[PDB]
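1. give the three-dimensional model of this entry:
(one chain, ligands or ions: 3)
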Amino acid sequence: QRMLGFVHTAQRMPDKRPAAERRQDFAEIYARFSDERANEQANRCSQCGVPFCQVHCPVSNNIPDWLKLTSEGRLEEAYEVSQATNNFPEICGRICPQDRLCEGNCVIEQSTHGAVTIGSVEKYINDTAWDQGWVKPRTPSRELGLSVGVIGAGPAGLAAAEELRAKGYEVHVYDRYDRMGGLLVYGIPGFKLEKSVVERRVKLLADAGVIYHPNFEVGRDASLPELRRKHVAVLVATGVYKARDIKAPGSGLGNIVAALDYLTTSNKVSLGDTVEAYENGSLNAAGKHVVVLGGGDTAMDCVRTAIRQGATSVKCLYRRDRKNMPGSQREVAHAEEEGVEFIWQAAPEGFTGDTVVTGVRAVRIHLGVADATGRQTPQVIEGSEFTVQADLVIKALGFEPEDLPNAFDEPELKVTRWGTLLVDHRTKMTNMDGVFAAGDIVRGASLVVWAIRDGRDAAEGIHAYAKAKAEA
Ligand SMILES: Cc1cc2nc3c(=O)[nH]c(=O)nc-3n(C[C@H](O)[C@H](O)[C@H](O)COP(=O)(O)OP(=O)(O)OC[C@H]3O[C@@H](n4cnc5c(N)ncnc54)[C@H](O)[C@@H]3O)c2cc1C
Ligand code: SF4
Ligand code: SF4
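-> Numbers count the residues shown, from 1 in each chain. Ligands and ions are numbered 1, 2, ... in the order given. The structure is reproduced below:
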């Protein structure tokens, strides 16, 4: 039908399970659209000129085109259009925060008509295509005689590997873990993204012809000059893993565990491998009171994965207001509905205890009015300082890059202050010849789709450089 039906229809997301039932299991919380409902929700588009849904999507899919090709049957052509510009569409549709990228700037969203549910239609059109064999690996026609190396198996690494293998090269990936996929499989919990689609996509990648090297750290089992001599070009996509800390009176007691360790062990125990720290360790929250520090999406993941495993009472201390939350806002409402209690504008001061933490003494800060440059300056209130009973606290402040030049044996890699190495904009080439670096280690605490775009751009640049070098 002529697809301008936002006038006489109302937006409604797919099926959801109630809160009293969500708290038990570890599966997802949403469901896939039905056919007659997807063909209706994809019809509310307006095919507007100058589509803001595409200007603000970091990978810049052709959103109106497959929204049209979905609203008229014709699902296979829609799958083609969607896949031809994005390597992991379903993963993006599942995890990408849409209220700030695409759904937050739709033209009918700016006019209080609600937003066309884009990511859910992405999921629908990209998963119903998987069941009927419309997905196939991109095996190169004529195998080109060159070899390219990458470091890391995250989103950027896998995207670059797929692009290079499609061009015709021979790729070799080098991941530190045993199950490749990066923090897509060890950072993000199960209820957000299921660990089955990730292994499905990595199996497809391996079927395309990629060679996998698990349990292979660059620092220990290799060296950057050796790999530089092996292949023709290497892509540093190792991400950021050196976490942050806090120095306060009482910050040396027991049961003060970093967030990444907790999340990793939760992912493992959901998969298996029977780590002992889940049996006898401080990485369980069965019958304890949990308190997490800092904000962001990491805080949301931690608090939810804690409230799933019992956790008689959970609290989260953010040191700003609610509207400045770094992550999305659907997960905040989800956590509130599931049982979490939030404490906005609070900063930790100390930990009271003897050998194990018994409580967290915190202060209450006040934010000034936005400055002429758009920056609020908080100041701690002198009177109100309080203490919360805490059985297990989790520090989830942030993440920073490691010291790569002093660990990759090459002290000539140019670096900024924070650790993100410098790189040109066009070719995505590192200071040194032959080596390239693009992904999350160049940006900071970005999202997945930015990593995908950086990986694709670095792949194109590496192809151009290798062709120009073997050319003459
Ligand atoms: C919805 C959402 C939720 C998010 N949740 C989180 C979250 O909970 N926590 C979080 O931290 N980020 C989170 N992010 C951020 C995002 O996941 C990452 O910034 C991004 O995925 C990292 O991209 P990358 O290319 O650096 O890959 P990464 O996955 O960051 O790359 C890590 C890989 O590098 C490998 N590696 C590391 N060091 C070495 C080495 N020396 N040698 C070899 N291999 C090495 C690791 O083993 C791993 O395979 C989230 C993003 C979104 C959109
Ligand atoms: S969601 Fe809105 S802006 Fe995006 S294509 Fe549809 S009508 Fe245009
Ligand atoms: S990748 Fe993210 S921003 Fe782009 S269309 Fe999909 S959900 Fe929207």
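2. now what about the longest helix along the chain, what contacts it?
-> With DSSP state H setting the assignment, residue counts place helix 448-471 as the longest helix in the chain. Residues external to helix 448-471 that are found in contact with it (C-beta atoms under 8 Å, 6 or more residues apart in numbering): 57-59, 86-88, 91-92, 95-96, 101, 146, 148, 154-160, 163-164, 167, 169, 184, 232-233, 235, 237, 426-429, 436-440, 442-443. C-beta here means a position set from N, CA and C on the backbone, and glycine is covered the same way.
3. buried members of those residues into PyMOL, please.
-> Selection of the buried residues among the contacts of helix 448-471 in PyMOL, burial being defined by 16 or more other C-beta atoms under 10 Å:
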select buried, resi 57+58+59+86+87+88+91+92+95+96+101+146+148+154+155+156+157+158+159+160+163+164+167+169+184+232+233+235+237+428+429+436+437+438+439+440+442
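4. out of the contacts of helix 448-471, name the ones that lie in helices.
-> Assignment to helices by DSSP H places the following of the contacts of helix 448-471 there: 91-92, 95, 155-160, 163-164, 167, 184.
5. picking up where we left off before, now do the buried residues in the longest helix of the chain.
-> Of the residues in helix 448-471, those buried by neighbour count under the rule 16+ other C-beta under 10 Å are 448-463, 465-466.
6. among these, which are in reach of ligand 1?
-> Of the residues in the buried residues of helix 448-471, proximity to ligand 1 by C-beta under 6 Å from any ligand atom holds for 448, 451.
7. still on that earlier bit, between the ones in helices among the contacts of helix 448-471, which is closest to ligand 2?
-> The closest of those to ligand 2 turns out to be residue 92 (C-beta to the nearest ligand atom; 16.1 Å).
8. what's the closest one in contact with, if anything?
-> Residues counted as contacts of residue 92 (C-beta under 8 Å, 6+ apart) are 59, 86, 119, 122, 448-449, 452.
9. one more: residue 214?
-> 175, 177-180.
10. which element, helix or strand, includes it?
-> When secondary structure is defined using DSSP states H and E, no element contains residue 214, which sits outside every helix and strand.
11. and residue 208, backbone torsions?
-> Here is the backbone geometry of residue 208 (degrees, to the nearest 10): phi -60, psi -30.
12. so who does it touch?
-> Going by C-beta under 8 Å, 6+ apart, the list of residues near residue 208 reads 137-139, 162, 165-166.
13. select only the buried ones of those residues in ChimeraX?
-> A single ChimeraX command selects the buried members of the contacts of residue 208 (16+ other C-beta under 10 Å):
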select :162,165,166
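14. list phi and psi for residue 330.
-> Here residue 330 shows phi and psi, under degrees, to the nearest 10, equal to phi -70, psi -40.
15. so who does it touch?
-> By C-beta under 8 Å, 6+ apart, the contact set of residue 330 is residue 99.
16. now swap in residue 202 and tell me
-> The neighbourhood of residue 202, defined by C-beta under 8 Å, 6+ apart, consists of 158, 180-181.
17. helix, strand or coil for it?
-> Secondary structure state of residue 202, per DSSP: H, G, I helix; E, B strand; the rest coil, is helix.
18. just residue 76 next, same as before
-> Assigned by three-state DSSP, the conformation of residue 76 is helix.
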